[PDB]
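> Following this message is one structure expressed as C-alpha cells.
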Amino acid sequence: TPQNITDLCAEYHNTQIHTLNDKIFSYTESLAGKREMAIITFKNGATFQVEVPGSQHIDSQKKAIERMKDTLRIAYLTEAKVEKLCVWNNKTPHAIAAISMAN
Amino acid sequence: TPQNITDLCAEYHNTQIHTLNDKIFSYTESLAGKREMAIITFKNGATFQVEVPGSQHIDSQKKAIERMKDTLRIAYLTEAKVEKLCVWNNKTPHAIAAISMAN
Amino acid sequence: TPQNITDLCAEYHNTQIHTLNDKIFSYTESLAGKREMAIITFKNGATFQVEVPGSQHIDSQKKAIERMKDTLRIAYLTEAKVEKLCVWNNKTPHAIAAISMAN
Amino acid sequence: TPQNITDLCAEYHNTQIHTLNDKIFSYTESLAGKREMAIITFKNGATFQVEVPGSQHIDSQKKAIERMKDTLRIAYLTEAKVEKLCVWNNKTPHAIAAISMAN
Amino acid sequence: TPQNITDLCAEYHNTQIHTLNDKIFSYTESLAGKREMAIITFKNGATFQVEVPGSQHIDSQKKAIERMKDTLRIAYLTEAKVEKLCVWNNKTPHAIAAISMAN
Ligand SMILES: CC(=O)N[C@@H]1[C@@H](O[C@@H]2O[C@@H](C)[C@@H](O)[C@@H](O)[C@@H]2O)[C@H](O[C@@H]2O[C@H](CO)[C@H](O)[C@H](O)[C@H]2O)[C@@H](CO)O[C@@H]1O
Ligand SMILES: CC(=O)N[C@@H]1[C@@H](O[C@@H]2O[C@@H](C)[C@@H](O)[C@@H](O)[C@@H]2O)[C@H](O[C@@H]2O[C@H](CO)[C@H](O)[C@H](O)[C@H]2O)[C@@H](CO)O[C@@H]1O
Ligand SMILES: CC(=O)N[C@@H]1[C@@H](O[C@@H]2O[C@@H](C)[C@@H](O)[C@@H](O)[C@@H]2O)[C@H](O[C@@H]2O[C@H](CO)[C@H](O)[C@H](O)[C@H]2O)[C@@H](CO)O[C@@H]1O
Ligand SMILES: CC(=O)N[C@@H]1[C@@H](O[C@@H]2O[C@@H](C)[C@@H](O)[C@@H](O)[C@@H]2O)[C@H](O[C@@H]2O[C@H](CO)[C@H](O)[C@H](O)[C@H]2O)[C@@H](CO)O[C@H]1O
Ligand SMILES: CC(=O)N[C@@H]1[C@@H](O[C@@H]2O[C@@H](C)[C@@H](O)[C@@H](O)[C@@H]2O)[C@H](O[C@@H]2O[C@H](CO)[C@H](O)[C@H](O)[C@H]2O)[C@@H](CO)O[C@H]1O
Ligand SMILES: [Ca+2]
Ligand SMILES: [Ca+2]
Ligand SMILES: [Ca+2]
Ligand SMILES: [Ca+2]
Ligand SMILES: [Ca+2]
C-alpha cells in the first residue's frame with residue numbers, strides 16, 4: 001500500500017495535493033438537513049469541505065467521513081500544522097480525501 | 001455547495017446569523033427525558049440551544065446533532081472563540097444550525 | 001423550551017438544583033455488571049451518580065446518558081468549574097439530570 | 001447503589017481494591033484477533049487488563065468496556081493520578097472492574 | 001492472557017516488535033475508497049499503517065481497528081512517546097497489531 005499522502009493521492013482519479021504547511025484558520029460545522037458537513041479554510045483563503053455523505057461514497061467511507069470531521073475539529077483546536085491535503089478537485093469547494101500532519 | 005457559514009445559512013428558511021466573536025460563557029447539558037439537549041450562553045446574554053432530536057430533523061441530521069453538542073462542549077472547555085452561529089429564529093431560545101470558529 | 005438549568009430542573013418532579021461552583025474532586029467509573037455507572041464527588045462530600053441505564057429510561061435518553069459520563073470525565077480532567085447540577089433527589093446517591101458549567 | 005469504589009467493589013466476588021495513588025506508567029492497546037484489549041502498568045510493576053469482550057460479560061457491559069479503555073488512554077495521556085482500581089483477582093493480569101481518580 | 005506487548009506479539013505468526021522510543025513524526029489519514037486507513041511515520045523513516053478493515057479481520061477486531069486510529073491521532077497530537085509497536089511484517093508498510101506508550 002502507498003506509504004505517504006502524495007503517493008496515495010496519485011492513485012486516484014480527479015485528485016490533487018494542496019501543500020498548506022499551516023494550521024487551520026477557520027472551522028465551520030453544520031447540522032442543517034442535506035448540509036451535514038464541515039468546511040475549513042486556511043489563511044491563504046484555500047477552502048475545503050468534508051462532503052455530505054451520499055451516493056458517491058461506498059458506505060464504509062461513512063465511518064471515515066465522520067473520523068475526518070473529528071480530526072479537522074481537533075486539529076483546529078490544537079493549532080496542529082496541516083502539511084498536505086489530498087482532495088477531489090471536481091467538487092467546489094475541493095473535497096478532502098486525505099490529510100497529513102507533521103510538526 | 002456553500003464555502004462559508006453565511007452562504008450556508010442563506011440556503012435555509014427562517015434562519016439568522018448571529019456574530020459573537022467570543023468564547024462561550026456557559027455550557028449546559030441535559031439527559032432528562034424529552035429534554036435531551038444542550039444550551040450555551042455568551043457574556044452578553046445571547047442564549048442558544050441544540051434542539052432535542054425530533055420530527056423537524058431527518059435521519060442524516062441525527063449524527064450531526066450529536067457532533068454539534070460534542071463541538072460546543074470542547075469549544076467551551078478550550079475557551080475557543082466562536083465567530084458566528086447560524087440559527088433558526090422561530091425557536092426560543094434560537095436553535096443552532098451551524099457554527100464557525102476562527103481567532 | 002428552558003433557557004437555563006434551573007428552569008429545566010423545574011419541569012420535572014422529584015428534582016432539585018445543587019449549586020457547587022467548584023471543580024469535581026473525584027471521578028469514579030465502573031464496567032461491573034449491573035453497575036455500569038459513573039460517580040462524582042465534590043470537596044464538600046456531595047456525591048452524585050449517572051444512573052445505570054434501565055427500564056426507567058426512554059430510548060431518547062440512552063445517547064444522552066453516555067454523553068453525560070463523557071462530559072463528567074472531561075470536566076474532571078480539565079478541572080472545569082461546575083456551576084449547578086440538576087438531580088433526582090429520590091435516588092441514593094442523587095442522580096444527575098443536567099449539568100451547567102460557567103466561570 | 002454504592003457511593004464509592006470500595007463499596008462497589010464489595011458487591012462482587014473475587015475482587016479487591018488496589019490503592020495506587022499514582023499515574024499510569026505505560027499504556028498498551030491491541031487490535032489482534034482474540035486479544036482486543038488494553039493493558040496498563042504502574043511504576044512498581046502492577047499490571048492490569050481490560051478484558052477481551054466475551055461470554056463472561058453481559059450485554060450492558062459492552063459499552064462500558066469500550067468506555068473504560070477510553071478512560072485509561074486519556075488518564076495515561078493527561079498523567080491523571082489513579083487513586084484506586086477495583087479488579088477481579090481471579091484473572092491474570094488482574095482485570096479492571098472500576099477506577100477512581102482524585103488529586 | 002499476555003501482560004506486555006512483547007508476549008502478545010509472540011502469540012502471532014508473521015509479527016515482530018519495533019522499538020521506537022519516540023513520538024510520532026507524522027500522521028496521515030485517508031477516507032479514499034477502499035483505502036480507509038491511517039499511516040504514521042517516525043523521524044528514523046519507519047512507516048506503519050493501520051490496515052483497511054477487510055477479510056483478515058474478524059468481527060471482534062472492527063471496533064479495535066477504529067480505536068487504534070483514534071489512539072494514533074491523539075498520541076500524535078500529544079507528542080506521546082511510543083515505546084514499541086507489534087506489527088505484521090508481511091504487509092507494506094508494516095501493519096500495526098498493538099502499541100505500547102511509556103515515557
Ligand atoms: C437569556 C436572555 O433572555 N437573553 C436575552 C437575549 O435573548 C436570548 O438570545 C437570543 C439570541 C435568542 O436565542 C433568544 O431566544 C434568547 O432568549 C437577547 O437577544 C436578542 O434576542 C432576540 C430574540 O428575538 C433576537 O435574537 C436579537 O437578535 C437578540 O439580540 C438579548 C437582547 O435583547 O437580551 C438577553 O441577553
Ligand atoms: C458520601 C456522603 O455521605 N456525603 C454526604 C452528602 O451526601 C451525598 O451527596 C448528596 C448530594 C446525596 O447524593 C447523598 O445521597 C450523598 O450521600 C451530604 O449532602 C447532603 O445530602 C442530602 C441528601 O441525603 C441533601 O441532598 C443535601 O442537600 C446535601 O447537602 C453532605 C451534607 O449533608 O454530607 C456528606 O458530604
Ligand atoms: C522506505 C521508507 O519510507 N522507510 C524506510 C523503512 O521502511 C519503512 O518502515 C518499515 C518499518 C516498513 O514498514 C517498510 O515497509 C517501510 O517502507 C526502513 O525500515 C526498515 O524496514 C525493514 C523492512 O523493509 C525492516 O522492517 C526494518 O526493521 C526497518 O527498520 C528503513 C531502514 O532501516 O529505511 C527507511 O526508514
Ligand atoms: C473562498 C475562495 O474562493 N477562496 C479562494 C481559493 O478557492 C477555494 O479553495 C480552493 C482550494 C478550492 O476548494 C476552491 O473551490 C475554493 O473556492 C483559491 O484557491 C485556488 O482555487 C483554484 C480553483 O478555483 C484551485 O483549486 C487552486 O489550486 C487554488 O489555489 C485561492 C487562490 O485562487 O483564492 C481564494 O480566495
Ligand atoms: C510484571 C510483574 O511481575 N509485576 C508485579 C505485580 O504483578 C502484576 O500485577 C498484579 C496486579 C497482577 O495483575 C499480576 O498478574 C501481574 O503480574 C505484583 O502484583 C502482585 O501479584 C500477585 C501474584 O502475581 C497478586 O496478583 C497480588 O495481588 C499482586 O499484588 C507486584 C506486587 O508484588 O509487583 C510487581 O513486580
Ligand atoms: Ca496560537
Ligand atoms: Ca481564561
Ligand atoms: Ca490544579
Ligand atoms: Ca510529567
Ligand atoms: Ca514539541
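Chain labels run A, B, ... following the order of the C-alpha cells; each chain numbers its residues from 1, and ligands are numbered from 1 in the order shown.
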Per DSSP on the backbone, filter chain A down to the residues in strand (DSSP E or B) and report them as a PyMOL selection string.
chain A and resi 15-23+26-30+37-41+47-50+81-88+94-102
> Skipping near chain neighbours, those fewer than 5 positions away, what residues fall within 9 Å of segment 13-27 of chain E using only C-alpha atoms, listed as a count of residues only?
38
> To one decimal place, how far is atom CA of residue 47 of chain E from atom CA of residue 94 of chain A in Å?
27.9 Å
> Neighbours of segment 65-69 of chain B within 9 Å (only C-alpha atoms; same-chain residues fewer than 2 positions away dropped), as a short mmCIF file (atom, residue, chain, number, x, y, z; two decimals) with C-alpha atoms, in the first residue's frame?

```
data_model
loop_
_atom_site.label_atom_id
_atom_site.label_comp_id
_atom_site.auth_asym_id
_atom_site.auth_seq_id
_atom_site.Cartn_x
_atom_site.Cartn_y
_atom_site.Cartn_z
CA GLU A 29 -19.71 22.71 11.04
CA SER A 30 -23.39 22.33 10.07
CA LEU A 31 -26.24 20.03 11.20
CA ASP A 70 -13.32 14.63 14.13
CA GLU B 29 -26.37 19.69 29.02
CA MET B 37 -30.44 18.94 24.72
CA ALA B 38 -27.67 21.47 25.21
CA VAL B 50 -29.11 22.39 20.19
CA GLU B 51 -32.64 21.07 19.87
CA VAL B 52 -33.96 17.79 21.17
CA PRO B 53 -33.96 15.46 18.12
CA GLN B 61 -29.11 15.21 10.92
CA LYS B 62 -29.19 12.88 13.98
CA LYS B 63 -25.45 12.16 13.96
CA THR B 71 -18.20 20.57 19.37
CA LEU B 72 -19.85 23.01 21.83
CA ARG B 73 -18.53 21.12 24.86
CA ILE B 74 -14.90 21.07 23.59
CA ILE B 96 -28.26 26.11 16.23
CA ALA B 97 -27.94 25.06 12.61
CA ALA B 98 -24.20 25.76 12.21
CA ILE B 99 -21.17 27.21 13.93
CA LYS C 63 -27.18 8.59 23.97
CA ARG C 67 -22.79 11.79 26.77
#
```
> Taking only C-alpha atoms into account, which of B:1, B:59, B:91, B:8 comes nearest chain C?
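Going through B:1, B:59, B:91, B:8 one by one, the smallest distance to chain C is for B:91.
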> According to DSSP computed on the backbone, where in chain B is there alpha helix (DSSP H)? Give the residues as a PyMOL selection string.
chain B and resi 5-9+59-78
